[PDB]
């Protein structure tokens, strides 16, 4: 009857519902859950250490983790994965092709955002548009005032100036003070209605499938974290958490694959699952290190290149030691 009363903060996803509801339980924990949008969760996690266990920005975690001054230790539960080709909005009236973004003004909400890292990596690795080749403009998407959640020491070849106060990135794109936009959300709707704003990539699905064939990278946005002290005091707690989230994803996938009635409000789910399994592999959204090696390997590289890691991190130091492998029968 004696368990750990911990707070747990995650998103509201199919892959977390079975946790939320108790269908999946955490060994030796009595959870207390709060379901949060990413923005709220990471702001609070990084500046306030609200939670015992929390979903976190992979980027932000790495910033603080690279300096051994992060309150949390990560586990390889990738509750957020997604290609971020869809992440890049441009003024189609100006930009014909990605290479045109050299020496333009791109806006982002904060530089160190996980999606932004993957996005800048695409622009570098396959259009030659390097961070330093861009006038960066930082300001909110919906609300005009938005800080960098953690302080950065970016190399000074990265030119970066705040948005005019009171004006969002969304607005600045609308008026075309910036030529481009990257972040985890599209620009605000008023902006979206401008006929001249749209994805850089005309066919993001196609470009991302190519990317994946080329690199084997299914970008990771979010990991999960536990307070350092907690992991030290309870050496089993990392593994326990890893398992639960793992089970929850399996439970949700079990439900999702059933076509008696499709569990998301989309058409063609049957077809999608099978296409996903075809392009990515049966375990298309894997948790776990080995199963994500290419992606992890790339992240540390990009993170260090883009100027957010102290030194170039080793996959081997990214997570709590007890989580680089799970048992099998």
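Numbering follows the first chain given and starts at 1.
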93 to 101 versus 188 to 196 - which carries the larger mean C-alpha B factor in the record:
93 to 101
Can you tell me whether 216 to 224 has a higher mean C-alpha B factor than 197 to 205 in this record, or the other way round?
197 to 205
Pick out which of 210, 254, 110, 142 has the highest C-alpha B-factor in the PDB entry.
142
158, 182, 248, 77, ranked by C-alpha B-factor: the highest one
158
Going by the recorded CA B-factors, say which third of the chain residue 271 sits in, lowest, middle or highest.
middle
According to the PDB entry, is the CA B factor of residue 117 in the bottom, middle or top third of its chain, that is, lowest, middle or highest?
middle
Sort the modelled residues of this chain by their C-alpha B factor and say whether residue 39 lands in the lowest, middle or highest third.
lowest
Would you check the entry's CA temperature factor for residue 19 and let me know if it's in the chain's lowest, middle or highest third?
middle
Sorting the chain's modelled residues by C-alpha B-factor, tell me whether residue 73 ends up in the lowest, middle or highest third.
lowest
